[PDB]
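Just so you know, structure 1 and structure 2 below are the same protein chain in two forms, each on its own as structure tokens.
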Structure 1
């Protein structure tokens, strides 16, 4: 059995002088076996000898320093596991999962140390993990702005902080390990846990591995959340209003909607109703016009004729070439007049409900009876199961290298593909979610300001009748009354501000409130820049050079300030 260590670095912040000044490691199963020191050389000597599993919190950061050292001390990158090489799992999106450092083989047994990201299991800051896992946490922080020359000696206080940090993570990881949550990521524990419940034999039967060609066809119909701002309210100062948000929307669809399973049947032309294959994806070419009084529902991506984020009123004289689930197509027919519809071909599926019951019951109970990180973890188990079913087969990743200037660079690796999980489930989970949210928005047409995926933002403070019997703060698939606001302003998708009514005892109301809480929502905008925002300055053209940007420099990674501009 391989030993497991919780590890951390403390690093300098200068582009011209980027290095580790402190490191710590601690045996997760024996806290007495730990060590803190001021030399990366000393840490990496231990790394190469220990032949164990290491965890850093935010491997993307520490990993840069580790790979900088490896490239300087005779290691090259290799997928083959050759002596004096290292392998990585770094995704196309720049997510770090693994560094596997190989010293060679004794016979057929690999001599290696593997380094994982604890952030993939526990995606919270260390102090938040301590608070919600109820672990010991020291008050205060290391001063990162302090000058620290090579050989700088670690103070007793700094020592205690490093030791605390690695112990918090060690303790939290062990809590999860002893629960059987032992995979390298939350998502991986999620899919495995679901397979444990239904059995692997049943998984294979009910969710067969589709061919890459068929999977690709299915994925044409795979889309995400309905995120939409009503033109009527775009960039206007709004008065009183409210937000409702579905409790676990996608898991609620998984729980109760008609969903596909098994091998699809290919058909040509228009789908013909088949009660045993009641779900389908249809390939069409058509033109369309939005019906008066209906919310637009069609957005077209990867087309030279359309803005991909724009919900379309009209096909505008071009032919829309679409692969659509039956859920989407019926919603399209409800909201649009369709013209010159060419039904080309498609795929039909067997379907049933309840395939995720026990799994959803388990994690919902945990979600409903927990708070903070624990609640958020339960939420992630539910949502990552959906994600795992729609896992892209393309697992091509990034290959690190040391460039001439001594900083790490990356190149796109060789094409790698893995088996599809079950992409039709992904297609229909999101289609039903879109249906749920859009049906509610449409029933609130007179008051609807904005939707993002599973929310409705409404003018006025009275609960609409369409959801009045299904408002609840926790219950699966019910609408939580998220907030009531005194005023708001919506510039564009995922970009809005609200003055929310609050009460001290939490969410408040126009009659009973003690405080007004200014809330900024803006995709891309980081926390310090949000603190700059006011009702007055929140507008297209707003810009602040205060967005931290991680930059590869010689020795590792530093944060430098970049701009964020509302363009």
Structure 2
């Protein structure tokens, strides 16, 4: 059986002297088996013999120093795994998934040691994982800026830290491996747990593979969450308001919305109602104009000039070519006026509402009757299933090379195709989720400020009558009143600040209200901004242009990678 280890490195900050100054590995199935050294060569020697699976939390970082060594020691990339060859899996976007170091073959069996990224299985920081999973974690951290000459001697303190960091990840991964959750990513673990429940046989019949051409057309109807900032509040400091968040958005749509499955049926012109093929995607061409008092919902695919992440008020003179789910089209007709419409073609699908009920009940039950690690993993199982259905078949990522400086460099590999799971399911799940948010926001049009996938922000502190009946703190798919603020300022999508009313309960601060609060918690949300940077933001300086050179970024130098403080600007 191949073994499994939790690994970690401790690198130097010098842009010139970049090298591993400490390492450590621990057997996931036997934590008594562990070693902490201070030589990459010593480590790599081990890596070559173990013939096992290794896991680093944030392979992107450690996976660098590993490539540098493999290259300066008889290895080079090779998709078909050859002796002293090493293949990889990296995406055009720069996400590391696996490094498969091959040494040779014995019979027809492949002698190798694969290196995986634990961050892909547990999408959180070690600190956070420890906290939420309730695993012993030492406070403080190894002095990062301290001269460490080659062959440096690791102190007992650093040793303890290094052991703790890898023991946490080991304890976490073991809980998943103990349940068959032995996949590379969270999504895949979720898909696996899903197949276990309905059986692979049924899965195959229900979710047929589609022809790349058909899948390309369905993909045209896919969209993400609904993130929109009302212009009426753009860059203005406002008063009291409140925030509502849906209780498990996606899992909720999966639990009770009419979703597609099976083989699609192509049709010409405008879809005709068919009880056995309830859902459909329509290829339509038209012009549109936003109806008075309605939120925009139509977004034209990025780069097909009109604009990227913005919702159109009108086609502005030019014809729109769209592929919409029946949910999206229904919503569009309620909010817009359509003109010069031409129904081209489309696809029909059979649909049911009972496809994920058992999967959700199971894991939710577990989530309800568990705590610590078990609880968090059940949440992960439930929260990672929807994404898997929507996967860009074009798995064409970067291919490793050695830059003339002795630094790691990459270049585009070529088109590789990973046949689809079932895209139609991704289209409708996201569509239903958008419908949930948009209709709720539209119902509160006079008070609506901002929307972001599963939450709506409104002015005022009283729960709107139109949504009173679907507001609850825990029920699935219902809206929960998350917080109330005394003042806020929204600059753009996913970019805002608030002063949240907080009250003390059982010795800890929790969201309060105007009639019951003891403190005001300043909160900053901005894509890209780091913890440290947020501490310098205030109501009188939070605006477009804000800048600080406090956002470190991976700058690959000879040996591995180093973090150099770059500039961060609110644009």
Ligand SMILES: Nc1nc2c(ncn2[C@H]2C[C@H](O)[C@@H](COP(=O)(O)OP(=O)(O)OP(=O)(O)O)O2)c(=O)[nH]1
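Here the rigid core means the biggest group of C-alpha atoms that line up within 1.5 Å when the two forms are laid on top of each other. Residue numbers count along the first chain shown, from 1.
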Legend entry - Identity of the form solved in complex with the named molecule among structures 1 and 2: 1
Inset, instruction - Kindly specify the one residue in 339, 305, 445, 105 whose Cα moves by 2 Å or more between the two structures, with superposition done on the rigid core. - result: 305
Legend entry - Rigid core superposed: residue 42 CA moves 2 Å or more between the two structures: no
Legend entry - CA of residue 517, rigid core aligned, shift of 2 Å or more between the two structures: no
Inset, instruction - Align both forms on the core first, then report whether residue 219 has a C-alpha shift of 2 Å or more between the two structures. - result: no
Inset, instruction - Align on the rigid core first, then pass along the CA displacement of residue 139 between the two structures in angstrom. - result: 3.4
Legend entry - between the two structures, how far the Cα of residue 374 shifts once the core is aligned, in Å: 5.5
Inset, instruction - Just grab the Cα shift of residue 414 between the two structures for me, core aligned, in angstrom. - result: 2.0
